[PDB]
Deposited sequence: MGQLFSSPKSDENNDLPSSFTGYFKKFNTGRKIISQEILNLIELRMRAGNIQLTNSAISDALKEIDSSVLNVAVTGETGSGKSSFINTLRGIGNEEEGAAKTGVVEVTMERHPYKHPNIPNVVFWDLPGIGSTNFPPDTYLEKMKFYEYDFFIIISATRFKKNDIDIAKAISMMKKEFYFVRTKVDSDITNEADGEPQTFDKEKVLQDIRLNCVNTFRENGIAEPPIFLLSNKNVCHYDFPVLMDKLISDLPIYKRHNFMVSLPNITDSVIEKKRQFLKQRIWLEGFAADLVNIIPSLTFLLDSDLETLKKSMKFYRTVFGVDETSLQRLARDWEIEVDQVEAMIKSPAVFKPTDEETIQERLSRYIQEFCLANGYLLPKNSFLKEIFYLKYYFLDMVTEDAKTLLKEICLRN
């Protein structure tokens, strides 16, 4: 029940594909912790956090004009095609588009090779191939020789690529229009997937990743599967930043985000050093109070329950933003009030969190109060995200 073991034991409670950093790195930290040199130990923990936090992801998106590159980029960033910062949908060189909340996630819109006079290899060099983590090759219909050859070149250069077939919703709508209930919409998808794969393999790509989706319905088709696969292919430490940037499409995705964020709080908490003082004994320092307000804003944005996200959703709904906010809890925490009231409010949350969850550590050891409060806000915001998801699905 010693501290070093408790530190690593926390992470061991999460499933493999849900750990924030390699268990191997964590076990070395455990070793250093046992050594007792807090100087070196804190430094090692801070280094782990820095690697996670500093991770930058550069995603290349290529394909013919009109295939849906701009839309795909806006969808993953959670931005409407008509909002600012959004890649303008509609008919040069590459253009970057950073995620609005996670600047370290950058999508690059590349001009389709077909619009250039360059062979696959020259095209990739011109587009600064080595700057990307992976490539997304998009087509709204069938994949032409151009697209396929780029894929082969990328593969030959030892980088990952993914084929994304957009506008599948349009195919289903047009084929099903006026047809009896018996029309098989699922079969349309199954046929397109198999046909694409046969074509890819016929052309020399043995294991072509293919995803059929619609930029107008991120919750359906292969979008969820694509997100899981992209995260799975990334080095462990790079997953956190990309994960928190993803659209909050399912309870599973929301829960996965929470799991990653819980681990970051744990790391951050140990980096600040544990104490022997019970967390609910005193009020908070003003600096910690300000940090918590920033933390709440970040969590709300990550989970899509921030002001801007709420406005965007309820624009045309029968219930406006104020009605939507009334259905959740996080928006009320920091409504304007005096400093005493907010201090008293948080001093109660801390007692309640610890009475329900314990101190998460061996007897007499505690994280500084602010971290238990981050867990409290995280749970609150997570629950709000699920509540809102249900409301979104009923209406859109």
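- Not built in the structure, per the record, are deposited positions 1-13, 105-108.
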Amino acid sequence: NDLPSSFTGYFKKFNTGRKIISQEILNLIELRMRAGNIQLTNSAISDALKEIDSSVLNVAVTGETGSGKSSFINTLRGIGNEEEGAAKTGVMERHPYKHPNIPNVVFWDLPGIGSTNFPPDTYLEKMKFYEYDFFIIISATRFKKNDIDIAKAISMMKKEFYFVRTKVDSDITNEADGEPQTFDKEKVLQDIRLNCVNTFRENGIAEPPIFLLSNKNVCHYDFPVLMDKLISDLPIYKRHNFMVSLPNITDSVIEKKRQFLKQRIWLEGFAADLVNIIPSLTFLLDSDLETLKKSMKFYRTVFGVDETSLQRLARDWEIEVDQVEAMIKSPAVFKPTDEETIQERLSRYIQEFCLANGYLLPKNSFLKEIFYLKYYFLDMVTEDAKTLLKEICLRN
From here on, numbers count along this sequence of modelled residues.
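- With 136-144 and 278-286 compared on mean CA B-factor from the PDB entry, the stretch scoring higher is 278-286.
- For the pair 255-263 and 157-165, the record assigns the higher mean C-alpha temperature factor to 157-165.
- Among 297, 220, 240, 193, the highest C-alpha B-factor in the deposited entry belongs to 220.
- Among 304, 80, 103, 224, the highest C-alpha B-factor in the deposited entry belongs to 80.
- Ranked by C-alpha B-factor against the other modelled residues of its chain, residue 16 falls in the highest third.
- Residue 120: CA B factor lies in the highest third for its chain, per the PDB record.
- Ranked within its chain, residue 235 lands in the lowest third, by CA B factor from the PDB record.
- Residue-level temperature factors show residue 64 in the highest third of its chain, judged at the C-alpha atom.
- Per the deposited record, the Cα B-factor of residue 396 falls in the highest third when ranked against the other modelled residues of its chain.
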